[PDB]
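Positions are given from 1, in the same order as the sequence printed here.
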Amino acid sequence: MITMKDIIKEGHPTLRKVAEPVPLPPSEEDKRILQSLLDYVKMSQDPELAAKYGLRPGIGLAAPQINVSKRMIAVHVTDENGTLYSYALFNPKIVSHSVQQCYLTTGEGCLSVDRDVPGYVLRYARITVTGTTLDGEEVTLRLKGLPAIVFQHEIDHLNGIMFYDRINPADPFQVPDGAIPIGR
Ligand SMILES: CCCCC[C@H](CC(=O)NO)C(=O)N[C@H](C(=O)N1CCC[C@H]1CO)C(C)C
Ligand code: NI
Ligand code: NI
């Protein structure tokens with residue numbers, strides 16, 4: 001049961017480290033931690049539960065954000081067609097992606113970053129991710145759009161990368177030729 005007081009903030013060294021892979025089959029404690037990421041993402045999205053326990057809504061979360069330097073991520077997001085993508089994975093990795101990029105026109109926010117950081121965060125429009133689930137299933141997920149963006153954001157945390165690292169340092173709102181802007 002993670003709450004905002006368990007979330008570390010930008011500046012904490014753990015957020016810039018490369019997380020350690022998780023030995024499989026997982027220990028009961030590593031399963032507990034991964035499950036806890038997924039439960040926080042789901043719960044943070046019920047505004048009543050968020051207010052009750054002091055959570056901030058997130059559509060994804062990575063172990064390093066609660067100061068656990070291990071390769072674990074959770075994702076719970078609905079795409080533009082109304083389809084839910086809910087996952088809790090050990091050792092996720094993007095094995096291939098599109099050359100074409102996309103980005104949210106609103107920019108991105110991070111639970112560990114307490115301040116408006118303006119600008120487009122460039123992401124691949126399509127990706128393929130492998131990982132192992134809480135029940136030992138090895139999955140290969142072909143994702144696009146917002147779900148693909150969320151996976152890139154959480155996997156980035158496991159490599160010590162923050163979203164603003166992918167914002168153009170010269171003109172944050174540079175419009176990339178051919179890139180898909182996402183935002184209605
Ligand atoms: C989009 C990629 C980032 C998704 C994950 C983050 C939460 C996080 O820091 N995970 O490590 C989030 O929910 N960010 C939210 C976010 O950026 N929103 C959520 C809906 C889509 C986008 C707003 O444009 C903010 C509002 C807290
Ligand atoms: Ni590549
Ligand atoms: Ni984040």
Side-chain angles (χ1 to χ4, degrees), residues 2-4 6-19 37-38 40-47 50-51 54-67 72-87 89 92-94 97-129 141-184:
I2 305 157
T3 75
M4 280 306 299
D6 297 307
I7 298 301
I8 68 185
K9 303 307 175 66
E10 90 195 310
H12 196 292
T14 294
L15 297 179
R16 288 308 196 166
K17 290 180 47 92
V18 171
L37 300 183
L38 183 61
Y40 171 98
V41 165
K42 290 178 172 168
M43 192 181 320
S44 83
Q45 291 176 25
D46 172 332
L55 320 179
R56 274 180 192 154
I59 53 179
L61 190 74
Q65 291 173 284
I66 53 166
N67 207 190
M72 297 174 302
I73 64 168
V75 173
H76 192 77
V77 63
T78 290
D79 77 4
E80 82 260 36
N81 300 307
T83 298
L84 174 66
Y85 290 79
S86 194
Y87 292 100
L89 300 173
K93 169 161 203 197
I94 289 166
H97 53 84
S98 64
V99 159
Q100 187 185 25
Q101 299 178 132
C102 72
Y103 57 95
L104 263 25
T105 58
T106 60
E108 300 179 7
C110 190
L111 258 35
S112 314
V113 191
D114 287 324
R115 52 164 220 269
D116 206 354
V117 175
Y120 301 144
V121 182
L122 305 198
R123 306 270 185 205
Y124 298 121
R126 291 178 305 274
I127 70 182
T128 294
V129 172
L141 287 18
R142 289 170 282 274
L143 313 144
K144 61 189 190 298
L146 181 63
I149 292 187
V150 185
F151 270 85
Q152 293 167 68
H153 180 111
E154 304 318 328
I155 290 160
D156 269 358
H157 280 305
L158 309 186
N159 292 321
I161 297 183
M162 306 290 289
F163 77 90
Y164 46 76
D165 290 343
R166 299 175 184 282
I167 292 178
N168 189 328
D171 181 344
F173 295 95
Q174 187 69 20
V175 189
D177 176 356
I180 301 159
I182 296 169
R184 204 94 130 57

Shortest non-hydrogen contact from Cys102 to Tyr124?
SG-O, 3.7 Å
Should the heavy atoms of other residues, nucleotides or ligands under 6.0 Å from CG of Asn81 be counted, would the total exceed 12?
yes
Test salt bridge (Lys or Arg N to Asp or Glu O under 4.0 Å) applied to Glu10 and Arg115, step by step:
CA-CA 10 Å; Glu10 90 195 310; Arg115 52 164 220 269; 2.3 Å; yes
Any idea how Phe163 and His153 line up, ring-wise: parallel (<30°), tilted (30 to 60°), or perpendicular (>60°)?
parallel
Please name the pair of heavy atoms, one in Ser112 and one in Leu15, separated by the smallest distance, quoted to 0.1 Å.
CB-CD1, 3.8 Å
Of all heavy-atom pairs linking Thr3 and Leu55, the shortest is CA-CD2, 3.7 Å
Of all pairs that satisfy salt bridge (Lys or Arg N to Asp or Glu O under 4.0 Å), the ones with a partner from residues 151-162, not counting sequence neighbours:
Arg123-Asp156, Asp156-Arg166
Could you tell me whether the side chain of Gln45 and the main chain of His76 form a donor-acceptor pair under 3.5 Å?
yes
With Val150, which of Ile59, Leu61, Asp79, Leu143 fulfils side chain to side chain contact (heavy atoms under 4.5 Å, CB included)?
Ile59
Heavy-atom closest pair (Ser98 atom, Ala125 atom, distance to 0.1 Å) is OG-N, 3.2 Å
Show the nearest heavy-atom pair for residues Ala170 and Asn168, with the distance to one decimal.
N-OD1, 2.8 Å
Positive for side chain to side chain contact (heavy atoms under 4.5 Å, CB included) with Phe151, one of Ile94, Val129, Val77:
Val129
If you look at every heavy atom in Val75 and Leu38, which pair is closest and at what distance?
O-CD1, 4.2 Å
